[PDB]
Amino acid sequence: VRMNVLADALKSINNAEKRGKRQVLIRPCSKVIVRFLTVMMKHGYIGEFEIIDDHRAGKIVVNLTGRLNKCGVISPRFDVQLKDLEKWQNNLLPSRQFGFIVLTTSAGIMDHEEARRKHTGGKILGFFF
Amino acid sequence: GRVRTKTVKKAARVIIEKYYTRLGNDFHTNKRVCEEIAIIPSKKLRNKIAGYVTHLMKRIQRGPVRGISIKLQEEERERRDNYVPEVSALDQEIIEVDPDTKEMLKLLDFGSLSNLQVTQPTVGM
Amino acid sequence: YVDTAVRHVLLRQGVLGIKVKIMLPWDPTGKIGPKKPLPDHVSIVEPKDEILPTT
Amino acid sequence: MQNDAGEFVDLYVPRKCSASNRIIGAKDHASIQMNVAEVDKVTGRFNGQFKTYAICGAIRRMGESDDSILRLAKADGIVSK
Amino acid sequence: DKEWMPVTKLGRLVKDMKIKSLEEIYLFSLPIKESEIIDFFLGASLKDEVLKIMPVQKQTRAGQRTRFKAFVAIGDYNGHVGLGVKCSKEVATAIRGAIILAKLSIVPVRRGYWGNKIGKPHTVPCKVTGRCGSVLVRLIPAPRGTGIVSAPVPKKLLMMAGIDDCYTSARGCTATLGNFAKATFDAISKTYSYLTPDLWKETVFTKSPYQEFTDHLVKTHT
Amino acid sequence: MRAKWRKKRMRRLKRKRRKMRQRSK
Amino acid sequence: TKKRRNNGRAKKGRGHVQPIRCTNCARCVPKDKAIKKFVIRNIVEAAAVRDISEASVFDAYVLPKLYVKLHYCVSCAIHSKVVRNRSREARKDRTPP
Amino acid sequence: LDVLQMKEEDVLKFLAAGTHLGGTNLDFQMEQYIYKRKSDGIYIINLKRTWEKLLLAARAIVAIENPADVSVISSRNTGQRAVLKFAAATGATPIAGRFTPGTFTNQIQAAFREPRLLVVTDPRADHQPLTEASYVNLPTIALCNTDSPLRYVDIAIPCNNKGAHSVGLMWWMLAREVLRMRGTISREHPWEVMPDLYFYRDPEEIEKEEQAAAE
RNA sequence: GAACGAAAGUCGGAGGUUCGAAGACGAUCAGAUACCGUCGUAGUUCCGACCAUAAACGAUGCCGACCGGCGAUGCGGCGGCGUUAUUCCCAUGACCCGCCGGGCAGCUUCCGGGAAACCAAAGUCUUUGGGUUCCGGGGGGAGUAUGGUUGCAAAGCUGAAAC
RNA sequence: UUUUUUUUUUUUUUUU
Ligand SMILES: [Mg+2]
Ligand SMILES: [Mg+2]
Ligand SMILES: [Mg+2]
Ligand SMILES: [Mg+2]
Ligand SMILES: [Mg+2]
Ligand SMILES: [Mg+2]
Ligand SMILES: [Mg+2]
Ligand SMILES: [Mg+2]
Ligand SMILES: [Mg+2]
Ligand SMILES: [Mg+2]
Ligand SMILES: [Mg+2]
Ligand SMILES: [Mg+2]
Ligand SMILES: [Mg+2]
Ligand SMILES: [Mg+2]
Ligand SMILES: [Zn+2]
């Protein structure tokens, strides 16, 4: 039924970007989703956001810039050992000028660019550009 | 079979539209007026043109035509456009319509001048 | 109005028949084209005058 | 887009639409560069200066233009409080 | 030798030479109507090839009516290309018409780098896609001096579009050029439409050519 | 010939061949 | 292809509707798929009303009507000139005047 | 703003015309203009935001310099009366009657125009010029009703345009605002013409009946 | 692995109106053993058991989320000194107005798609990954042969090759 | 109310 709620969040983000609306409602909340949007915010692709704290499970409302072509989730959360990123680079990123990958390292939810410097690797959550 | 050809009706409307003035309601006169104001290569074409010209004259003398109007009909339609009396752009300068627009003019900053009163049941359509 | 030209051409393939027909333009005076207009193409004169008020 | 030489590489910079921050294409002929004029203060006379609002094609086709022009004029303050 | 015969007010701007380059027209996406406007903006855009001329048949009451369908791809090698499809009952007529329709449908091409900024770009800015019918043409950036690895028809089209290096991936009836060339054309037309994180700067909105040269427009109407 | 009656003729042939097998087991 | 969105009939929620016989060729047809009409008739010829109006005993207060739920199938109704064909955008129509 | 704000003469003329009522159906993008349901199943448009769209439409019309580029259409015979006088009232190019599809697209015909702004009366009656806008890159100011769709509409003025009186009052007041923003007459002075020209004369018979009674 | 599963069919018991395979004639046709008409068998009915198939069709697996509007209609729930029936409050009754939930649907649209017909899903797909079962790989041979298994039988399930 | 059949292969495409 309800599984991998990161996908449920990011397909709503995708439909709202393709439609052209301003702000999205997402009924589940995860620390995964919050740190994912933190990476997207720090790299500037979204705007400011706000978490309605339900006692049960909150709801995230995100102001949208309008730059987001495509965000999404790789489904089974594959492992990625280092010196195996370049497969995912050529397979997922639209170019060698932009695009980002969200790894899950032991030292936090990191970025494709911070991961190669921190020299960790780990599991893939998703991608956005 | 008087279904008359496109070129005949075309030349006839051009003839009446240029020279409404010379043409009268008499067929044999209008026939010879057509040879004065036009160049018609044949006598059958003269007769066809003059016949439909007289049938158009019995419409234009009757009323205005959707095809083309003469200068007199132009001036009369311009008169009917710009006729201005001083009557009813404004009524008596209180008009009563609605309690909902009374609420509206309570909202918007105005003087709440005078009465507005209907109350209705709920049989809309 | 229509000047018919029908000629033969002998080649190694055989024969080629050519037909050329040219509609002459209506010029009212001169040797260029014919002097009778088309019975469909009817010319009129442009409007006459303007001023006509009483005195 | 700049190279390592710092040269402005690209031929033209497309109009990012002021409604929803999306590129007006080279053939997106539904797009319009709306212009609205400036007004003076209490004198109320015309100013020769004007403000420019761009509306792109799919926004115009859907109908976010009617909301969008007032919401773009309202943040600019030219319509109301 | 014959005169340009202006109409439609953009051409009167062209004859007064008040619009500098074709980039000013692509800034506002004004509808181009006459063909020799781009001849005045580009005197070196004669570079073209007829892609394919194929017959189509209409089964009419006596026999099959034949008429030929001509494909012409023109291009300046700086990044401007046009594609024209024209069907007519004569070869020379259809070729002239397809040339004029390509002159009308010329569009610019964005050209980016493979991943190193060094200079004078050589490839598409990203993996773009184009679709026409059931044909998907996917353009992927390529390293420097690779060449264009593709079918001969879009190799010609990207050779005209100023691309030196590209990877292509087709899917569908690639046998039909009538959809395949239009798919490649839509792919290279979407390149300025696709956003990029170095083109986020807010627009400047320079003036319209109409409001910039209203006085010429008033004196040419009057 | 319909697929209906094609199945019917193959079905009748199958019953005939089954009778032949049961006649010589 | 689909020639119609509704597949001709009007069954959508149901799984099976009763059949009803047609009048002409007596074929059973599901009762929404059938061409249904309703003949309200004066039981006399309307030209022959006046003959009975002459020699009628009462003061023309008896006016009997004959009401029949008339029920066609499509394979013979088209032959019997009711449900005449239309165009692509003309199939989207409803009740005739 | 504070000087272009509404006065009591304006709302007196609005309530005298009857623009406050509307139709019975809403477009979903027409929610923000209209105010309240009524007892007779009638939706009342406000006047506060009604003046605002008229203000912005006036600013957009004064924005184009050469007023001949202002092209004004009405198809129906309500606004066919108003458009012809509104065009000569400022500078505009009138086109009423049959719209002649292909007005803006093909150029073989001498009847060809290249406008930079369009004002229409009814979108559902002008389904064709709004469609022709999208090829030739021109905006749209539309006198939208309560039940009118908003495709290819940039600035929508909420009103009722069934009755001829509200149509004529809007065209009068729009010209009245555009000419003041040009600077013909100042704000603190009435406009020198009366909206019946802009309203609409029907079968004269009753016109010359009024003349014959007023002999 | 398991329960239901239309019509027809099979095995007992009861009866048998109408219809009616088979069969019989009469006509039509060159020929009819076919359509048309007259008669009429099994079955159509019910009670017990079996068979498990269909254009079993929305030719659209199931769950979940997002993405336009509009008027309906069915069922609950809520709001509305509008109207109307009791006797006289009072309630549920009957319309009218509107909202909420989910159900069967429909009109419109450049939401986006697809080869198109068309679809608010057949969309959110070369920018391709929510979870999961069953499946197809040019047409024929063929759902045939041949094995196994179920069935009283009709047959069902699984199922190939030469060419 | 009828009303059935009627060899077999012959048919290729341009420059501006
Ligand atoms: Mg193939
Ligand atoms: Mg068919
Ligand atoms: Mg069924
Ligand atoms: Mg049964
Ligand atoms: Mg038996
Ligand atoms: Mg026994
Ligand atoms: Mg027994
Ligand atoms: Mg019987
Ligand atoms: Mg099956
Ligand atoms: Mg299933
Ligand atoms: Mg199933
Ligand atoms: Mg209820
Ligand atoms: Mg109850
Ligand atoms: Mg034979
Ligand atoms: Zn029947």
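All residue numbers here begin at 1 and follow the chain in the order shown.
Structure method, as recorded: electron microscopy, 3.4 Å.
Positions of Cβ are set from backbone N, Cα and C atoms, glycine also.
Taken from Swiss-Prot, the feature ubiquitin cross-link covers C:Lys36 (among others). Taken residue by residue with DSSP, C:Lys36 (ubiquitin cross-link) is part of neither helix nor strand, so it is coil.
As annotated by Swiss-Prot, phosphoserine applies to C:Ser43, with the evidence given as experimental evidence. Reduced to three states, the DSSP call for C:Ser43 (phosphoserine) is coil.
Other Cβ atoms within 10 Å of the Cβ of C:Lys48 (SUMO2 cross-link), summed over all protein chains shown, number 11. The SUMO2 cross-link feature in Swiss-Prot is assigned to C:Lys48.
Feature annotation from Swiss-Prot assigns ubiquitin cross-link to C:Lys48 (among others); the stated evidence is experimental evidence. The DSSP secondary structure for C:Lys48 (SUMO2 cross-link) is coil.
Sequence annotations record features per position, and here Swiss-Prot assigns phosphothreonine to C:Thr54 (among others) based on a large-scale study or a structure entry. Under the DSSP three-state reduction, C:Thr54 (phosphothreonine) is assigned to coil, being neither helix nor strand.
A sphere of 10 angstroms centred on the C-beta of C:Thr55 (phosphothreonine) encloses 2 other C-beta atoms. Sequence annotations record features per position, and here Swiss-Prot assigns phosphothreonine to C:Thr55 (among others).
Of all the modified residues in the record (C:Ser43, C:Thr54, C:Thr55), the one with the smallest CA separation from C:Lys36 (ubiquitin cross-link) is C:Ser43.
Recorded residues C:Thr55 (phosphothreonine) and C:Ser43 (phosphoserine) have their alpha carbons 34 Å apart, per Cα-Cα distance. Residue environment of C:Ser43 (phosphoserine) contains 13 other Cβ atoms, counted within 10 Å of its Cβ in all protein chains.
Taking the recorded positions C:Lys36, C:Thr54 in turn, the residue surrounded by the fewest other Cβ atoms inside 10 Å of its Cβ turns out to be C:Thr54. Chain F comes close to none of the recorded positions C:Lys36, C:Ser43, C:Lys48, C:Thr54, C:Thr55, judged by a C-beta to C-beta distance under 8 angstroms. Cα of C:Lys48 (SUMO2 cross-link) to Cα of C:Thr54 (phosphothreonine): a span of 18 Å.
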